[PDB]
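J.: Okay, here's the structure, questions in a sec.
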Amino acid sequence: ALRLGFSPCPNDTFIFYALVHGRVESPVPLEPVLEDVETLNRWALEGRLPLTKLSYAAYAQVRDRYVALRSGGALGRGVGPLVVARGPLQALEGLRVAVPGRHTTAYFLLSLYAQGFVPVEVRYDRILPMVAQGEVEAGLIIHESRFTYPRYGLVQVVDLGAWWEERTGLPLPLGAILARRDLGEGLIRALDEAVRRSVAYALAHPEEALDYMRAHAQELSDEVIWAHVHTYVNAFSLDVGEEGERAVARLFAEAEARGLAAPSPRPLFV
Ligand SMILES: [K+]
C-alpha cells in the first residue's frame, strides 16, 4: 500500500471515498493519512508522502519533487477563501489577520490582495472564534467556514476567489493532488485515472460517501456537509481542463513575479 494524504474535509473524503473503500479500481492499494492542509503542505517540502493533496501555492515550491494529477483537485470561481471581520473594514493595513497556514493558496491570495497586515497563523477552526472574540481584527477562512461565519456575527470583507476572477478572468486553483516523481511515470498516470474514477463514482453515488464524510467531520451537520461538497467538487475535480491549466499557469506566474517560486521547465501536470 502507498500512503495517501488528504484533509478530513468533506470534499476530500468525498473525492477519495471510492478509492479508499475499493469501489473503483486502483493500480496499488492506498493507506489514507488524514491531516490539516498546512501539515500536508509542510510535509511536502520534505517530500514525505508519495501521494498527497496540497495547496496549489505549495505545489509551486515542490515541482522538482512532485507532479500534479489532472484529477482530484479543487479549483473554480466560487471556491475562494474569504476574509471576514466583526464589521466593515476600510483596509487591512496594520490589522492582525488570523490565517490557516502560510503555505496555503488562501495565504498567497491574501498576500496578493493586501500587504500591510500582521498574520497570526493557527489551525483553520480557530479563526472564526478568534475574530468574534476580538483576538484579531479579521480572519482568512477556508473549508466550511464560508457557510457558517454569519453564526459568529461576522461579515465578508472580500471573497478572494471573486477578486482573483476579476483580476485574471480565470477560476482559482485552490488544491491539487500530487504524486511524488520517484513513483514512475506509468504508475502516476494510472493513479491519475484511478482518482478520476473515484471522483466520478462519488458524483454518481453521493449518498454512499456520507458515512465516511460524517466520520471525519463529526462537528458538521449534514446540511453543511452537503453544501460543502456541492461548493468544492465541480468539473475541475474530474479534470483541470484547458482553463484550469491556464489558471494554474497564471497563479504560478504571479508567484514567480514575487520570487515566491522558482520557474521550471517541467510540465505542471501528468
Ligand atoms: K449558510
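By convention here, the chains of the C-alpha cells are called A, B, ... in the order presented, each chain's residues are numbered starting at 1, and ligands are numbered starting at 1 in the order presented.
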Got a sec to check which residues lie within 8 Å of ligand 1, using only C-alpha atoms and all ligand atoms, and send them as a list in words?
T.: residues 146, 147, 148, 149, 150 and 224 of chain A
J.: I need the chosen residues saved as a short mmCIF file (atom, residue, chain, number, x, y, z; two decimals), in the first residue's frame, with C-alpha atoms.
T.:
data_model
loop_
_atom_site.label_atom_id
_atom_site.label_comp_id
_atom_site.auth_asym_id
_atom_site.auth_seq_id
_atom_site.Cartn_x
_atom_site.Cartn_y
_atom_site.Cartn_z
CA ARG A 146 -17.62 30.09 4.28
CA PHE A 147 -21.04 28.67 5.22
CA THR A 148 -21.01 29.29 8.94
CA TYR A 149 -19.34 32.63 9.54
CA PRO A 150 -22.60 34.56 9.99
CA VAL A 224 -23.21 21.74 5.89
#
J.: As a PyMOL selection string, please: every residue in region 117-261 of chain A that DSSP puts in strand (DSSP E or B).
T.: chain A and resi 118-121+138-141+155-159+172-180
J.: Considering only C-alpha atoms, return as JSON, numbers by chain whatever protein or nucleic-acid residues lie within 7 Å of region 44-59 of chain A, sequence-local ones (same chain, fewer than 3 positions apart) excluded.
T.: {"A": [2, 3, 4, 5, 6, 37, 40, 41, 62, 63, 65, 103, 104, 105, 108, 173, 174, 175, 176, 177, 178, 179, 180]}
J.: Which neighbours of residue 70 (chain A) fall inside 7 Å, counting only C-alpha atoms, when residues of the same chain fewer than 4 positions from it are skipped, and could you give them as a ChimeraX atom specification?
T.: /A:192,239-240,269-270
J.: Suppose we keep N, CA and C atoms; can you now write the selection as an mmCIF file, in the first residue's frame?
T.:
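The file below, part-v8.cif, is the result:
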data_model
loop_
_atom_site.group_PDB
_atom_site.id
_atom_site.type_symbol
_atom_site.label_atom_id
_atom_site.label_comp_id
_atom_site.auth_asym_id
_atom_site.auth_seq_id
_atom_site.Cartn_x
_atom_site.Cartn_y
_atom_site.Cartn_z
ATOM 1 N N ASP A 192 -3.639 8.827 -11.719
ATOM 2 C CA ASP A 192 -4.482 9.924 -12.170
ATOM 3 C C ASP A 192 -5.823 9.338 -12.634
ATOM 4 N N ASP A 239 -11.266 16.904 -13.997
ATOM 5 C CA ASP A 239 -10.114 17.231 -14.846
ATOM 6 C C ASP A 239 -9.900 18.730 -14.828
ATOM 7 N N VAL A 240 -8.646 19.151 -14.628
ATOM 8 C CA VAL A 240 -8.354 20.584 -14.586
ATOM 9 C C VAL A 240 -8.764 21.283 -15.870
ATOM 10 N N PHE A 269 1.378 19.243 -15.178
ATOM 11 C CA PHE A 269 0.528 18.073 -14.976
ATOM 12 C C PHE A 269 1.044 16.789 -15.615
ATOM 13 N N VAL A 270 0.566 15.673 -15.073
ATOM 14 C CA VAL A 270 0.840 14.318 -15.547
ATOM 15 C C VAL A 270 0.370 14.242 -17.000
#
J.: Quick check for you: according to DSSP on this backbone, which residues of region 14-253 of chain A are classed as helix (DSSP H, G or I)? Reply as a PyMOL selection string.
T.: chain A and resi 14-20+37-45+56-59+105-113+124-132+145-152+160-168+181-183+185-204+206-216+222-232+235-238+241-253
J.: Can you tell me which residues surround region 19-27 of chain A at a distance of at most 9 Å, considering only C-alpha atoms, apart from same-chain residues fewer than 4 positions away, and format the answer as number ranges by chain?
T.: A: 15, 31-32, 187, 190-191, 193-195, 197-199, 201
J.: Please write the residues from the selection above to a file, keeping C-alpha atoms, as a CSV table (one decimal), in the first residue's frame.
T.:
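Result written to result.csv:
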chain,number,residue,atom,x,y,z
A,15,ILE,CA,-13.3,12.5,-3.7
A,31,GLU,CA,-3.3,4.0,3.0
A,32,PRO,CA,-5.1,7.2,3.8
A,187,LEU,CA,2.0,4.4,-12.1
A,190,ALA,CA,-2.6,5.1,-13.6
A,191,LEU,CA,-3.1,6.9,-10.3
A,193,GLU,CA,-7.0,7.6,-13.9
A,194,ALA,CA,-7.9,6.0,-10.6
A,195,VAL,CA,-8.5,9.3,-8.8
A,197,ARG,CA,-12.7,7.2,-11.4
A,198,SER,CA,-13.1,7.9,-7.6
A,199,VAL,CA,-14.4,11.4,-8.2
A,201,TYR,CA,-18.0,7.3,-8.6
J.: Quick one: residues within 12 Å of residue 242 (chain A), only C-alpha atoms counted, chain neighbours fewer than 6 positions away excluded, as a list in words?
T.: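 In the requested form, the answer reads residues 70, 170, 171, 235, 236, 248, 249 and 269 of chain A.
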J.: Convert the current residue selection to file output with N, CA, C and O atoms, as a compact mmCIF listing (two decimals), in the first residue's frame.
T.:
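Below is the file that was written, out_26.txt:
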# COMPACT_ATOMS: atom_id res chain seq x y z
N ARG A 70 -4.13 15.42 -13.03
CA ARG A 70 -5.12 16.29 -13.64
C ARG A 70 -6.43 16.22 -12.86
O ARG A 70 -7.27 17.13 -12.95
N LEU A 170 -10.00 34.21 -14.72
CA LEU A 170 -9.85 32.76 -14.58
C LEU A 170 -10.34 32.18 -13.24
O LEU A 170 -10.51 32.92 -12.27
N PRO A 171 -10.60 30.87 -13.20
CA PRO A 171 -11.04 30.23 -11.95
C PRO A 171 -9.81 30.22 -11.04
O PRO A 171 -8.68 30.41 -11.50
N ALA A 235 -16.56 20.47 -12.00
CA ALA A 235 -15.93 19.89 -13.20
C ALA A 235 -14.43 19.81 -13.09
O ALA A 235 -13.82 18.86 -13.60
N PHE A 236 -13.82 20.80 -12.43
CA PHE A 236 -12.37 20.81 -12.31
C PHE A 236 -11.85 19.66 -11.44
O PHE A 236 -10.67 19.34 -11.53
N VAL A 248 -3.76 27.70 -13.40
CA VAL A 248 -2.59 27.30 -12.62
C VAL A 248 -1.34 28.01 -13.16
O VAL A 248 -0.51 28.49 -12.40
N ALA A 249 -1.23 28.11 -14.49
CA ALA A 249 -0.08 28.81 -15.06
C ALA A 249 -0.07 30.27 -14.57
O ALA A 249 1.00 30.80 -14.22
N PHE A 269 1.38 19.24 -15.18
CA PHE A 269 0.53 18.07 -14.98
C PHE A 269 1.04 16.79 -15.62
O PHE A 269 1.83 16.83 -16.57
J.: Between A:141, A:68, A:84, A:202, which residue has the minimum interatomic distance to residue 154 (chain A), considering only C-alpha atoms?
T.: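 The closest residue to residue 154 (chain A) is A:84.
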J.: List the neighbours of residue 140 (chain A) out to 8 Å using only C-alpha atoms; skip same-chain residues closer than 3 positions along the sequence, and give me the result as a compact mmCIF listing (two decimals) with N, CA and C atoms, in the first residue's frame.
T.:
# COMPACT_ATOMS: atom_id res chain seq x y z
N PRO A 81 -11.26 31.56 -0.87
CA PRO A 81 -11.19 31.79 0.57
C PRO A 81 -11.74 33.20 0.79
N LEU A 82 -12.33 33.44 1.95
CA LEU A 82 -12.88 34.75 2.25
C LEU A 82 -12.09 35.42 3.37
N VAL A 83 -12.19 36.73 3.45
CA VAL A 83 -11.63 37.43 4.60
C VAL A 83 -12.90 37.94 5.29
N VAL A 84 -13.02 37.68 6.60
CA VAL A 84 -14.20 38.12 7.37
C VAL A 84 -13.79 38.93 8.58
N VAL A 97 -4.58 39.57 11.21
CA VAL A 97 -5.45 38.68 10.45
C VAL A 97 -5.09 37.24 10.78
N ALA A 98 -6.04 36.47 11.32
CA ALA A 98 -5.75 35.06 11.61
C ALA A 98 -5.78 34.34 10.25
N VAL A 99 -4.78 33.50 10.01
CA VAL A 99 -4.66 32.79 8.72
C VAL A 99 -4.47 31.30 9.00
N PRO A 100 -4.95 30.42 8.10
CA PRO A 100 -4.86 28.97 8.28
C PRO A 100 -3.57 28.24 7.92
N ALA A 106 -4.85 30.19 0.08
CA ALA A 106 -5.55 31.32 0.71
C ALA A 106 -4.55 32.40 1.15
N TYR A 107 -3.47 31.98 1.80
CA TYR A 107 -2.50 32.95 2.29
C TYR A 107 -1.85 33.65 1.13
N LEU A 110 -4.31 36.23 -0.17
CA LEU A 110 -4.44 37.35 0.73
C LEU A 110 -3.23 38.27 0.55
N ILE A 127 -10.10 30.27 13.62
CA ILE A 127 -10.25 31.59 13.04
C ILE A 127 -11.54 32.32 13.32
J.: Taking only C-alpha atoms into account, name the residue in A:247, A:74, A:238, A:253 that is nearest to residue 165 (chain A).
T.: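 For residue 165 (chain A), the nearest of the candidates is A:247.
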J.: Give me, please, the distance in Å between CA of residue 60 (chain A) and CA of residue 28 (chain A), quoted to one decimal.
T.: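 Calculated distance between CA of residue 60 (chain A) and CA of residue 28 (chain A) is 26.7 Å.
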J.: Which one is closest to residue 12 (chain A): A:143, A:266, A:250, A:181? Count only C-alpha atoms.
T.: A:143
